[PDB]
file upload-v2.txt (compact mmCIF, N, CA and C atoms)
# COMPACT_ATOMS: atom_id res chain seq x y z
N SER P 449 11.44 -7.72 4.83
CA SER P 449 10.15 -7.10 5.19
C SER P 449 10.32 -6.16 6.38
N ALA P 450 9.45 -5.14 6.46
CA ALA P 450 9.47 -4.13 7.53
C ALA P 450 8.88 -4.71 8.83
N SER P 451 9.70 -5.52 9.52
CA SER P 451 9.31 -6.26 10.73
C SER P 451 9.39 -5.35 11.98
N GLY P 452 8.27 -4.65 12.25
CA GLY P 452 8.15 -3.79 13.43
C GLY P 452 8.76 -2.41 13.23
N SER P 453 8.75 -1.92 11.97
CA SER P 453 9.14 -0.54 11.64
C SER P 453 8.11 0.42 12.27
N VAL P 454 6.84 0.21 11.90
CA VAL P 454 5.69 0.80 12.60
C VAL P 454 5.27 -0.18 13.72
N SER P 455 4.79 0.37 14.83
CA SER P 455 4.35 -0.40 15.99
C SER P 455 3.01 0.17 16.48
N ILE P 456 2.40 -0.53 17.43
CA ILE P 456 1.22 -0.03 18.14
C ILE P 456 1.68 1.06 19.13
N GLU P 457 1.13 2.27 19.00
CA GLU P 457 1.40 3.39 19.93
C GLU P 457 0.32 3.41 21.03
N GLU P 458 -0.92 3.74 20.63
CA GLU P 458 -2.09 3.79 21.53
C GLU P 458 -3.28 3.11 20.85
N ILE P 459 -4.27 2.70 21.65
CA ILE P 459 -5.52 2.07 21.19
C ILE P 459 -6.63 2.52 22.15
N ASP P 460 -7.83 2.75 21.61
CA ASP P 460 -9.01 3.11 22.40
C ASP P 460 -9.51 1.89 23.21
N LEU P 461 -10.09 2.16 24.41
CA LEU P 461 -10.63 1.12 25.32
C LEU P 461 -11.74 0.28 24.65
N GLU P 462 -12.54 0.95 23.82
CA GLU P 462 -13.67 0.35 23.08
C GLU P 462 -13.31 0.11 21.60
N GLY P 463 -12.11 0.56 21.20
CA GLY P 463 -11.61 0.37 19.84
C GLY P 463 -12.27 1.29 18.82
N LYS P 464 -12.48 2.56 19.21
CA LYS P 464 -13.03 3.59 18.32
C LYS P 464 -11.94 4.14 17.38
N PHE P 465 -10.67 3.91 17.76
CA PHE P 465 -9.51 4.32 16.96
C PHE P 465 -8.28 3.45 17.28
N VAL P 466 -7.35 3.42 16.32
CA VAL P 466 -5.98 2.93 16.51
C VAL P 466 -5.04 4.14 16.39
N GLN P 467 -3.94 4.09 17.12
CA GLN P 467 -2.85 5.06 17.02
C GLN P 467 -1.56 4.26 16.79
N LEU P 468 -0.88 4.53 15.67
CA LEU P 468 0.36 3.86 15.28
C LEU P 468 1.53 4.83 15.39
N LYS P 469 2.75 4.28 15.48
CA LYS P 469 4.00 5.07 15.55
C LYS P 469 5.12 4.33 14.81
N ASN P 470 5.79 5.04 13.90
CA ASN P 470 6.93 4.51 13.13
C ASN P 470 8.22 4.82 13.89
N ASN P 471 8.83 3.77 14.45
CA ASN P 471 10.11 3.84 15.18
C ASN P 471 11.31 3.72 14.23
N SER P 472 11.03 3.54 12.92
CA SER P 472 12.06 3.38 11.89
C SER P 472 12.74 4.73 11.55
N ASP P 473 13.96 4.63 10.98
CA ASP P 473 14.80 5.79 10.60
C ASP P 473 14.50 6.29 9.18
N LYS P 474 13.54 5.64 8.48
CA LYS P 474 13.15 6.02 7.11
C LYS P 474 11.62 6.04 6.96
N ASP P 475 11.16 6.65 5.85
CA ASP P 475 9.73 6.72 5.49
C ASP P 475 9.20 5.32 5.18
N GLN P 476 8.25 4.86 6.00
CA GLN P 476 7.58 3.58 5.81
C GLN P 476 6.47 3.71 4.75
N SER P 477 6.69 3.06 3.59
CA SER P 477 5.68 2.96 2.52
C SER P 477 4.47 2.15 3.04
N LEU P 478 3.32 2.83 3.15
CA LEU P 478 2.12 2.28 3.81
C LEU P 478 1.06 1.96 2.73
N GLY P 479 0.19 0.97 2.99
CA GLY P 479 -0.82 0.55 2.00
C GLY P 479 -1.14 -0.92 2.07
N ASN P 480 -0.14 -1.74 1.75
CA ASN P 480 -0.23 -3.22 1.85
C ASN P 480 -0.28 -3.67 3.33
N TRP P 481 0.03 -2.73 4.24
CA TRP P 481 -0.17 -2.89 5.69
C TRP P 481 -1.67 -2.94 6.02
N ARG P 482 -2.03 -3.65 7.10
CA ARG P 482 -3.43 -3.78 7.54
C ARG P 482 -3.51 -4.04 9.06
N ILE P 483 -4.49 -3.39 9.72
CA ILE P 483 -4.72 -3.53 11.16
C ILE P 483 -5.90 -4.49 11.41
N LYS P 484 -5.61 -5.72 11.83
CA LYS P 484 -6.65 -6.72 12.15
C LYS P 484 -7.10 -6.56 13.61
N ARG P 485 -8.20 -5.84 13.85
CA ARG P 485 -8.80 -5.76 15.19
C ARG P 485 -9.89 -6.82 15.29
N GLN P 486 -9.53 -7.94 15.93
CA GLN P 486 -10.39 -9.11 16.09
C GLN P 486 -10.95 -9.18 17.53
N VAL P 487 -12.27 -8.97 17.64
CA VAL P 487 -13.01 -9.01 18.92
C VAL P 487 -13.61 -10.41 19.12
N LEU P 488 -13.48 -10.94 20.35
CA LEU P 488 -13.98 -12.29 20.71
C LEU P 488 -15.52 -12.38 20.63
N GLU P 489 -16.19 -11.21 20.73
CA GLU P 489 -17.66 -11.09 20.65
C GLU P 489 -18.18 -11.36 19.23
N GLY P 490 -17.27 -11.44 18.25
CA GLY P 490 -17.60 -11.97 16.93
C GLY P 490 -17.17 -11.09 15.78
N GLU P 491 -17.09 -9.76 15.99
CA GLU P 491 -16.69 -8.82 14.92
C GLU P 491 -15.16 -8.76 14.80
N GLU P 492 -14.62 -9.19 13.65
CA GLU P 492 -13.18 -9.14 13.36
C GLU P 492 -12.97 -8.56 11.95
N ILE P 493 -12.16 -7.49 11.88
CA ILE P 493 -11.99 -6.68 10.66
C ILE P 493 -10.52 -6.26 10.50
N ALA P 494 -10.08 -6.12 9.24
CA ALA P 494 -8.72 -5.68 8.91
C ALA P 494 -8.79 -4.40 8.07
N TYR P 495 -8.33 -3.27 8.63
CA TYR P 495 -8.22 -2.02 7.87
C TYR P 495 -6.95 -2.03 7.02
N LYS P 496 -7.13 -2.23 5.71
CA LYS P 496 -6.04 -2.10 4.74
C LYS P 496 -5.84 -0.62 4.42
N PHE P 497 -4.58 -0.17 4.46
CA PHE P 497 -4.22 1.23 4.21
C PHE P 497 -4.25 1.56 2.72
N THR P 498 -4.14 2.85 2.41
CA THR P 498 -4.08 3.35 1.04
C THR P 498 -2.60 3.36 0.55
N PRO P 499 -2.25 2.60 -0.55
CA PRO P 499 -0.86 2.58 -1.12
C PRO P 499 -0.36 3.94 -1.67
N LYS P 500 -1.24 4.97 -1.68
CA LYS P 500 -0.83 6.35 -1.98
C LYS P 500 -0.07 6.97 -0.78
N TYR P 501 -0.35 6.46 0.43
CA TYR P 501 0.09 7.06 1.70
C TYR P 501 1.43 6.45 2.14
N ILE P 502 2.35 7.31 2.57
CA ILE P 502 3.62 6.90 3.19
C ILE P 502 3.74 7.63 4.54
N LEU P 503 4.01 6.87 5.61
CA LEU P 503 4.17 7.42 6.97
C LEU P 503 5.67 7.66 7.22
N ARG P 504 6.00 8.76 7.90
CA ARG P 504 7.39 9.28 7.97
C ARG P 504 8.18 8.64 9.13
N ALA P 505 9.51 8.80 9.08
CA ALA P 505 10.42 8.37 10.17
C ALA P 505 10.15 9.17 11.45
N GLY P 506 9.85 8.45 12.55
CA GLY P 506 9.59 9.08 13.85
C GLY P 506 8.26 9.82 13.93
N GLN P 507 7.37 9.57 12.95
CA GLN P 507 6.00 10.12 12.94
C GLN P 507 4.98 9.04 13.32
N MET P 508 3.72 9.47 13.44
CA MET P 508 2.61 8.66 13.96
C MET P 508 1.30 9.04 13.24
N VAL P 509 0.39 8.05 13.09
CA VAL P 509 -0.88 8.23 12.35
C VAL P 509 -2.03 7.61 13.16
N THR P 510 -3.12 8.38 13.31
CA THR P 510 -4.29 7.98 14.10
C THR P 510 -5.44 7.61 13.16
N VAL P 511 -5.82 6.32 13.13
CA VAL P 511 -6.93 5.83 12.30
C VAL P 511 -8.20 5.68 13.17
N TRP P 512 -9.09 6.67 13.09
CA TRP P 512 -10.39 6.66 13.78
C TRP P 512 -11.47 5.95 12.94
N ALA P 513 -12.66 5.76 13.55
CA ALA P 513 -13.87 5.26 12.87
C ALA P 513 -14.70 6.43 12.33
N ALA P 514 -15.47 6.19 11.25
CA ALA P 514 -16.44 7.17 10.72
C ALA P 514 -17.59 7.38 11.72
N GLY P 515 -18.00 6.27 12.37
CA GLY P 515 -19.02 6.30 13.42
C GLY P 515 -18.48 6.71 14.78
N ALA P 516 -17.25 7.25 14.82
CA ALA P 516 -16.69 7.89 16.02
C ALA P 516 -17.13 9.36 16.11
N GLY P 517 -17.81 9.86 15.05
CA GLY P 517 -18.29 11.24 14.98
C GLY P 517 -17.17 12.27 14.88
N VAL P 518 -15.98 11.79 14.51
CA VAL P 518 -14.75 12.58 14.48
C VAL P 518 -14.58 13.26 13.11
N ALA P 519 -13.92 14.42 13.11
CA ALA P 519 -13.56 15.15 11.89
C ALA P 519 -12.29 14.54 11.27
N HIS P 520 -12.42 14.02 10.04
CA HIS P 520 -11.30 13.46 9.28
C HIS P 520 -10.33 14.60 8.93
N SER P 521 -9.14 14.58 9.55
CA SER P 521 -8.13 15.65 9.39
C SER P 521 -6.79 15.04 8.91
N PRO P 522 -6.64 14.77 7.57
CA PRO P 522 -5.41 14.15 7.02
C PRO P 522 -4.21 15.14 7.04
N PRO P 523 -2.93 14.65 7.08
CA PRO P 523 -2.56 13.23 7.15
C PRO P 523 -2.23 12.75 8.59
N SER P 524 -2.58 13.56 9.59
CA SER P 524 -2.35 13.24 11.01
C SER P 524 -3.41 12.25 11.53
N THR P 525 -4.67 12.55 11.18
CA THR P 525 -5.85 11.78 11.59
C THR P 525 -6.59 11.27 10.35
N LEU P 526 -6.30 10.01 9.98
CA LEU P 526 -7.07 9.29 8.96
C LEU P 526 -8.29 8.67 9.64
N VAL P 527 -9.40 8.58 8.91
CA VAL P 527 -10.66 8.01 9.41
C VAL P 527 -11.14 6.96 8.42
N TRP P 528 -11.34 5.72 8.91
CA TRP P 528 -11.92 4.62 8.14
C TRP P 528 -13.40 4.96 7.86
N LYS P 529 -13.63 5.62 6.71
CA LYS P 529 -14.95 6.03 6.25
C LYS P 529 -15.73 4.80 5.77
N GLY P 530 -16.91 4.57 6.38
CA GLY P 530 -17.73 3.39 6.11
C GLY P 530 -17.69 2.36 7.25
N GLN P 531 -16.91 2.64 8.31
CA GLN P 531 -16.83 1.78 9.51
C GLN P 531 -17.28 2.58 10.74
N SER P 532 -18.30 2.08 11.45
CA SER P 532 -18.86 2.75 12.63
C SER P 532 -18.16 2.31 13.92
N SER P 533 -18.00 0.99 14.08
CA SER P 533 -17.54 0.40 15.34
C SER P 533 -16.01 0.34 15.43
N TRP P 534 -15.35 0.12 14.27
CA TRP P 534 -13.88 -0.11 14.19
C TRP P 534 -13.47 -1.24 15.16
N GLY P 535 -14.30 -2.30 15.26
CA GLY P 535 -14.01 -3.44 16.12
C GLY P 535 -14.24 -3.12 17.60
N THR P 536 -15.50 -2.77 17.93
CA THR P 536 -15.90 -2.48 19.31
C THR P 536 -15.97 -3.76 20.14
N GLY P 537 -15.55 -3.65 21.40
CA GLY P 537 -15.63 -4.75 22.33
C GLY P 537 -15.08 -4.41 23.70
N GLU P 538 -15.34 -5.30 24.67
CA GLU P 538 -14.77 -5.19 26.02
C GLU P 538 -13.38 -5.83 26.07
N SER P 539 -13.05 -6.65 25.05
CA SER P 539 -11.71 -7.25 24.89
C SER P 539 -11.50 -7.59 23.40
N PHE P 540 -10.34 -7.19 22.85
CA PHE P 540 -10.02 -7.37 21.42
C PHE P 540 -8.50 -7.34 21.18
N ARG P 541 -8.05 -8.15 20.21
CA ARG P 541 -6.64 -8.21 19.79
C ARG P 541 -6.47 -7.34 18.54
N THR P 542 -5.84 -6.18 18.70
CA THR P 542 -5.57 -5.24 17.59
C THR P 542 -4.16 -5.52 17.03
N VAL P 543 -4.11 -6.15 15.85
CA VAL P 543 -2.88 -6.66 15.23
C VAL P 543 -2.44 -5.72 14.11
N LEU P 544 -1.15 -5.39 14.06
CA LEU P 544 -0.55 -4.62 12.96
C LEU P 544 0.24 -5.58 12.05
N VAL P 545 -0.11 -5.58 10.76
CA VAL P 545 0.48 -6.48 9.74
C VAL P 545 1.18 -5.62 8.67
N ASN P 546 2.35 -6.08 8.17
CA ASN P 546 3.15 -5.31 7.19
C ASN P 546 2.83 -5.72 5.74
N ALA P 547 3.56 -5.12 4.78
CA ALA P 547 3.35 -5.35 3.33
C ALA P 547 3.52 -6.82 2.92
N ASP P 548 4.44 -7.52 3.60
CA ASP P 548 4.70 -8.96 3.39
C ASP P 548 3.47 -9.82 3.73
N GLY P 549 2.66 -9.34 4.69
CA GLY P 549 1.53 -10.09 5.22
C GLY P 549 1.89 -10.84 6.49
N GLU P 550 2.91 -10.32 7.20
CA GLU P 550 3.38 -10.86 8.49
C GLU P 550 2.89 -9.94 9.62
N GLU P 551 2.42 -10.54 10.72
CA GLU P 551 1.94 -9.82 11.91
C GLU P 551 3.15 -9.26 12.69
N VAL P 552 3.48 -7.98 12.46
CA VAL P 552 4.70 -7.34 13.01
C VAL P 552 4.49 -6.79 14.43
N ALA P 553 3.23 -6.50 14.78
CA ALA P 553 2.85 -6.01 16.11
C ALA P 553 1.44 -6.50 16.47
N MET P 554 1.10 -6.45 17.76
CA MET P 554 -0.25 -6.76 18.28
C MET P 554 -0.34 -6.37 19.75
N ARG P 555 -1.48 -5.79 20.15
CA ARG P 555 -1.80 -5.53 21.56
C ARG P 555 -3.28 -5.84 21.82
N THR P 556 -3.53 -6.72 22.80
CA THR P 556 -4.87 -7.05 23.28
C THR P 556 -5.33 -5.97 24.28
N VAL P 557 -6.15 -5.02 23.79
CA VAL P 557 -6.68 -3.92 24.61
C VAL P 557 -8.14 -4.22 24.97
N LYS P 558 -8.50 -3.84 26.20
CA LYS P 558 -9.79 -4.13 26.81
C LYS P 558 -10.43 -2.82 27.32
N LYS P 559 -11.76 -2.84 27.49
CA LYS P 559 -12.51 -1.71 28.05
C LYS P 559 -12.34 -1.70 29.58
N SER P 560 -11.22 -1.10 30.02
CA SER P 560 -10.86 -0.92 31.44
C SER P 560 -10.59 0.58 31.72
N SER P 561 -11.04 1.42 30.76
CA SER P 561 -10.75 2.86 30.70
C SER P 561 -9.23 3.10 30.56
N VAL P 562 -8.77 3.17 29.31
CA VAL P 562 -7.33 3.27 28.98
C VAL P 562 -6.87 4.74 28.90
N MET P 563 -7.79 5.63 28.49
CA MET P 563 -7.50 7.07 28.33
C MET P 563 -7.69 7.79 29.67
N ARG P 564 -6.56 8.18 30.28
CA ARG P 564 -6.53 8.90 31.57
C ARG P 564 -6.58 10.42 31.34
N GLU P 565 -7.24 11.13 32.28
CA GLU P 565 -7.41 12.60 32.25
C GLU P 565 -8.27 13.03 31.04
N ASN P 566 -9.19 12.13 30.64
CA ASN P 566 -10.19 12.39 29.58
C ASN P 566 -11.43 13.12 30.15
N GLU P 567 -11.29 13.60 31.41
CA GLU P 567 -12.35 14.28 32.20
C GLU P 567 -12.83 15.61 31.58
N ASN P 568 -12.15 16.09 30.54
CA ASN P 568 -12.55 17.28 29.78
C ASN P 568 -12.89 16.88 28.32
N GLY P 569 -14.19 16.76 28.03
CA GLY P 569 -14.66 16.43 26.68
C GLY P 569 -16.16 16.13 26.62
call {"tool": "encode", "arguments": {"input": "upload-v2.txt", "output": "structure tokens"}}
result
Amino acid sequence: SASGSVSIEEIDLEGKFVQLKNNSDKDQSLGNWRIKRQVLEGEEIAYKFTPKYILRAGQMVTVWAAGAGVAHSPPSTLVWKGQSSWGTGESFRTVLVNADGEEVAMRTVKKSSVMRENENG
């Protein structure tokens, strides 16, 4: 199984998006992978990817929310259409799971303002 081929790159403070990065030397076949963003406030969800999509060696993919008001710009910026919050919270465990169904990565990100120099927007 692809144990940590893709990893957590960046995550939003409120969980409006996930940013992933493939540290592997080959094209990671994506689809059976899923991002479990579980918030202690009660909302816990797993974004299962599309098995049509393959993420490249040394490339990265940003999965935003539909309710983030963001423009869906494939294949750099995928947007979970039909999800507004994408697991909003002041503290949440954003888990990356592979095709096997094993939790290959995870980062507990909190609303402490994670995005620096966001002063222009």
call {"tool": "residues_around", "arguments": {"input": "upload-v2.txt", "residues": "range 475-491 of chain P", "least_positions_apart": "4", "cutoff": "8 Å", "atoms": "all atoms listed in the file", "output": "VMD selection string"}}
result
chain P and resid 453 to 454 470 495 to 506 534 to 549
call {"tool": "write_last_selection", "arguments": {"input": "upload-v2.txt", "atoms": "N, CA and C atoms", "output": "short mmCIF file (atom, residue, chain, number, x, y, z; two decimals), keeping the file's coordinate frame"}}
result
data_model
loop_
_atom_site.label_atom_id
_atom_site.label_comp_id
_atom_site.auth_asym_id
_atom_site.auth_seq_id
_atom_site.Cartn_x
_atom_site.Cartn_y
_atom_site.Cartn_z
N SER P 453 8.75 -1.92 11.97
CA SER P 453 9.14 -0.54 11.64
C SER P 453 8.11 0.42 12.27
N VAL P 454 6.84 0.21 11.90
CA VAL P 454 5.69 0.80 12.60
C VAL P 454 5.27 -0.18 13.72
N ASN P 470 5.79 5.04 13.90
CA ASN P 470 6.93 4.51 13.13
C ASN P 470 8.22 4.82 13.89
N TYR P 495 -8.33 -3.27 8.63
CA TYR P 495 -8.22 -2.02 7.87
C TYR P 495 -6.95 -2.03 7.02
N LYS P 496 -7.13 -2.23 5.71
CA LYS P 496 -6.04 -2.10 4.74
C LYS P 496 -5.84 -0.62 4.42
N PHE P 497 -4.58 -0.17 4.46
CA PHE P 497 -4.22 1.23 4.21
C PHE P 497 -4.25 1.56 2.72
N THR P 498 -4.14 2.85 2.41
CA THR P 498 -4.08 3.35 1.04
C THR P 498 -2.60 3.36 0.55
N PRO P 499 -2.25 2.60 -0.55
CA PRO P 499 -0.86 2.58 -1.12
C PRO P 499 -0.36 3.94 -1.67
N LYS P 500 -1.24 4.97 -1.68
CA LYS P 500 -0.83 6.35 -1.98
C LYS P 500 -0.07 6.97 -0.78
N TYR P 501 -0.35 6.46 0.43
CA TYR P 501 0.09 7.06 1.70
C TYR P 501 1.43 6.45 2.14
N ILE P 502 2.35 7.31 2.57
CA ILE P 502 3.62 6.90 3.19
C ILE P 502 3.74 7.63 4.54
N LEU P 503 4.01 6.87 5.61
CA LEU P 503 4.17 7.42 6.97
C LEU P 503 5.67 7.66 7.22
N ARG P 504 6.00 8.76 7.90
CA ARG P 504 7.39 9.28 7.97
C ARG P 504 8.18 8.64 9.13
N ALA P 505 9.51 8.80 9.08
CA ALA P 505 10.42 8.37 10.17
C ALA P 505 10.15 9.17 11.45
N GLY P 506 9.85 8.45 12.55
CA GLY P 506 9.59 9.08 13.85
C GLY P 506 8.26 9.82 13.93
N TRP P 534 -15.35 0.12 14.27
CA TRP P 534 -13.88 -0.11 14.19
C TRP P 534 -13.47 -1.24 15.16
N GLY P 535 -14.30 -2.30 15.26
CA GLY P 535 -14.01 -3.44 16.12
C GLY P 535 -14.24 -3.12 17.60
N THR P 536 -15.50 -2.77 17.93
CA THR P 536 -15.90 -2.48 19.31
C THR P 536 -15.97 -3.76 20.14
N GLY P 537 -15.55 -3.65 21.40
CA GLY P 537 -15.63 -4.75 22.33
C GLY P 537 -15.08 -4.41 23.70
N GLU P 538 -15.34 -5.30 24.67
CA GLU P 538 -14.77 -5.19 26.02
C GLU P 538 -13.38 -5.83 26.07
N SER P 539 -13.05 -6.65 25.05
CA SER P 539 -11.71 -7.25 24.89
C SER P 539 -11.50 -7.59 23.40
N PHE P 540 -10.34 -7.19 22.85
CA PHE P 540 -10.02 -7.37 21.42
C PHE P 540 -8.50 -7.34 21.18
N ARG P 541 -8.05 -8.15 20.21
CA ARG P 541 -6.64 -8.21 19.79
C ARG P 541 -6.47 -7.34 18.54
N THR P 542 -5.84 -6.18 18.70
CA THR P 542 -5.57 -5.24 17.59
C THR P 542 -4.16 -5.52 17.03
N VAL P 543 -4.11 -6.15 15.85
CA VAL P 543 -2.88 -6.66 15.23
C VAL P 543 -2.44 -5.72 14.11
N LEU P 544 -1.15 -5.39 14.06
CA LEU P 544 -0.55 -4.62 12.96
C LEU P 544 0.24 -5.58 12.05
N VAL P 545 -0.11 -5.58 10.76
CA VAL P 545 0.48 -6.48 9.74
C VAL P 545 1.18 -5.62 8.67
N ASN P 546 2.35 -6.08 8.17
CA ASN P 546 3.15 -5.31 7.19
C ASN P 546 2.83 -5.72 5.74
N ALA P 547 3.56 -5.12 4.78
CA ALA P 547 3.35 -5.35 3.33
C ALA P 547 3.52 -6.82 2.92
N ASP P 548 4.44 -7.52 3.60
CA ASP P 548 4.70 -8.96 3.39
C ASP P 548 3.47 -9.82 3.73
N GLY P 549 2.66 -9.34 4.69
CA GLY P 549 1.53 -10.09 5.22
C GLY P 549 1.89 -10.84 6.49
#
call {"tool": "closest_atom_pairs", "arguments": {"input": "upload-v2.txt", "of": "range 461-556 of chain P", "to": "range 561-568 of chain P", "cutoff": "12 Å", "atoms": "only C-alpha atoms", "output": "tab-separated table"}}
result
residue	atom	partner	partner_atom	distance
P:461	CA	P:562	CA	5.4
P:462	CA	P:561	CA	8.5
P:463	CA	P:562	CA	10.5
P:464	CA	P:563	CA	12.0
P:465	CA	P:563	CA	11.9
P:538	CA	P:561	CA	10.1
P:539	CA	P:561	CA	11.7
call {"tool": "atom_distance", "arguments": {"input": "upload-v2.txt", "atom1": "atom C of residue 451 in chain P", "atom2": "atom N of residue 510 in chain P"}}
result
18.6 Å
call {"tool": "closest_residue", "arguments": {"input": "upload-v2.txt", "among": "P:551, P:560, P:452, P:532", "to": "residue 516 in chain P", "atoms": "only N, CA and C atoms"}}
result
P:532
call {"tool": "atom_distance", "arguments": {"input": "upload-v2.txt", "atom1": "atom C of residue 519 in chain P", "atom2": "atom C of residue 559 in chain P"}}
result
24.5 Å
call {"tool": "atom_distance", "arguments": {"input": "upload-v2.txt", "atom1": "CA of residue 550 in chain P", "atom2": "atom N of residue 511 in chain P"}}
result
20.0 Å
call {"tool": "axis_aligned_box", "arguments": {"input": "upload-v2.txt", "around": "range 542-553 of chain P", "padding_each_side": "8 Å", "output": "JSON"}}
result
{"center_x": -0.6, "center_y": -7.7, "center_z": 10.8, "size_x": 26.5, "size_y": 22.2, "size_z": 31.8}
call {"tool": "build_atoms", "arguments": {"input": "upload-v2.txt", "residues": "range 531-548 of chain P", "atoms": "N, CA, C and O atoms", "output": "PDB file, in the frame of the given file"}}
result
ATOM      1  N   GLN P 531     -16.910   2.640   8.310  1.00  0.00           N
ATOM      2  CA  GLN P 531     -16.830   1.780   9.510  1.00  0.00           C
ATOM      3  C   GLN P 531     -17.280   2.580  10.740  1.00  0.00           C
ATOM      4  O   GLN P 531     -16.709   3.627  11.036  1.00  0.00           O
ATOM      5  N   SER P 532     -18.300   2.080  11.450  1.00  0.00           N
ATOM      6  CA  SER P 532     -18.860   2.750  12.630  1.00  0.00           C
ATOM      7  C   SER P 532     -18.160   2.310  13.920  1.00  0.00           C
ATOM      8  O   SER P 532     -17.786   3.151  14.755  1.00  0.00           O
ATOM      9  N   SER P 533     -18.000   0.990  14.080  1.00  0.00           N
ATOM     10  CA  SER P 533     -17.540   0.400  15.340  1.00  0.00           C
ATOM     11  C   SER P 533     -16.010   0.340  15.430  1.00  0.00           C
ATOM     12  O   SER P 533     -15.448   0.576  16.500  1.00  0.00           O
ATOM     13  N   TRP P 534     -15.350   0.120  14.270  1.00  0.00           N
ATOM     14  CA  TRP P 534     -13.880  -0.110  14.190  1.00  0.00           C
ATOM     15  C   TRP P 534     -13.470  -1.240  15.160  1.00  0.00           C
ATOM     16  O   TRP P 534     -12.427  -1.160  15.806  1.00  0.00           O
ATOM     17  N   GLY P 535     -14.300  -2.300  15.260  1.00  0.00           N
ATOM     18  CA  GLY P 535     -14.010  -3.440  16.120  1.00  0.00           C
ATOM     19  C   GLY P 535     -14.240  -3.120  17.600  1.00  0.00           C
ATOM     20  O   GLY P 535     -13.313  -3.172  18.411  1.00  0.00           O
ATOM     21  N   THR P 536     -15.500  -2.770  17.930  1.00  0.00           N
ATOM     22  CA  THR P 536     -15.900  -2.480  19.310  1.00  0.00           C
ATOM     23  C   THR P 536     -15.970  -3.760  20.140  1.00  0.00           C
ATOM     24  O   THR P 536     -16.396  -4.810  19.649  1.00  0.00           O
ATOM     25  N   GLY P 537     -15.550  -3.650  21.400  1.00  0.00           N
ATOM     26  CA  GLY P 537     -15.630  -4.750  22.330  1.00  0.00           C
ATOM     27  C   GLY P 537     -15.080  -4.410  23.700  1.00  0.00           C
ATOM     28  O   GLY P 537     -14.454  -3.355  23.882  1.00  0.00           O
ATOM     29  N   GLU P 538     -15.340  -5.300  24.670  1.00  0.00           N
ATOM     30  CA  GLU P 538     -14.770  -5.190  26.020  1.00  0.00           C
ATOM     31  C   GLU P 538     -13.380  -5.830  26.070  1.00  0.00           C
ATOM     32  O   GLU P 538     -12.636  -5.596  27.019  1.00  0.00           O
ATOM     33  N   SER P 539     -13.050  -6.650  25.050  1.00  0.00           N
ATOM     34  CA  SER P 539     -11.710  -7.250  24.890  1.00  0.00           C
ATOM     35  C   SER P 539     -11.500  -7.590  23.400  1.00  0.00           C
ATOM     36  O   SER P 539     -12.373  -8.215  22.777  1.00  0.00           O
ATOM     37  N   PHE P 540     -10.340  -7.190  22.850  1.00  0.00           N
ATOM     38  CA  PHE P 540     -10.020  -7.370  21.420  1.00  0.00           C
ATOM     39  C   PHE P 540      -8.500  -7.340  21.180  1.00  0.00           C
ATOM     40  O   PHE P 540      -7.771  -6.599  21.850  1.00  0.00           O
ATOM     41  N   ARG P 541      -8.050  -8.150  20.210  1.00  0.00           N
ATOM     42  CA  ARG P 541      -6.640  -8.210  19.790  1.00  0.00           C
ATOM     43  C   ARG P 541      -6.470  -7.340  18.540  1.00  0.00           C
ATOM     44  O   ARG P 541      -6.927  -7.712  17.454  1.00  0.00           O
ATOM     45  N   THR P 542      -5.840  -6.180  18.700  1.00  0.00           N
ATOM     46  CA  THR P 542      -5.570  -5.240  17.590  1.00  0.00           C
ATOM     47  C   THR P 542      -4.160  -5.520  17.030  1.00  0.00           C
ATOM     48  O   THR P 542      -3.154  -5.193  17.667  1.00  0.00           O
ATOM     49  N   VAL P 543      -4.110  -6.150  15.850  1.00  0.00           N
ATOM     50  CA  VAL P 543      -2.880  -6.660  15.230  1.00  0.00           C
ATOM     51  C   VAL P 543      -2.440  -5.720  14.110  1.00  0.00           C
ATOM     52  O   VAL P 543      -3.259  -5.297  13.307  1.00  0.00           O
ATOM     53  N   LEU P 544      -1.150  -5.390  14.060  1.00  0.00           N
ATOM     54  CA  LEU P 544      -0.550  -4.620  12.960  1.00  0.00           C
ATOM     55  C   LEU P 544       0.240  -5.580  12.050  1.00  0.00           C
ATOM     56  O   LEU P 544       1.116  -6.307  12.521  1.00  0.00           O
ATOM     57  N   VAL P 545      -0.110  -5.580  10.760  1.00  0.00           N
ATOM     58  CA  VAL P 545       0.480  -6.480   9.740  1.00  0.00           C
ATOM     59  C   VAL P 545       1.180  -5.620   8.670  1.00  0.00           C
ATOM     60  O   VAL P 545       0.666  -4.562   8.315  1.00  0.00           O
ATOM     61  N   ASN P 546       2.350  -6.080   8.170  1.00  0.00           N
ATOM     62  CA  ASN P 546       3.150  -5.310   7.190  1.00  0.00           C
ATOM     63  C   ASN P 546       2.830  -5.720   5.740  1.00  0.00           C
ATOM     64  O   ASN P 546       1.951  -6.568   5.517  1.00  0.00           O
ATOM     65  N   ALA P 547       3.560  -5.120   4.780  1.00  0.00           N
ATOM     66  CA  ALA P 547       3.350  -5.350   3.330  1.00  0.00           C
ATOM     67  C   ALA P 547       3.520  -6.820   2.920  1.00  0.00           C
ATOM     68  O   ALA P 547       2.826  -7.309   2.030  1.00  0.00           O
ATOM     69  N   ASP P 548       4.440  -7.520   3.600  1.00  0.00           N
ATOM     70  CA  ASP P 548       4.700  -8.960   3.390  1.00  0.00           C
ATOM     71  C   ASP P 548       3.470  -9.820   3.730  1.00  0.00           C
ATOM     72  O   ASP P 548       3.249 -10.888   3.135  1.00  0.00           O
TER      73      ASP P 548
END
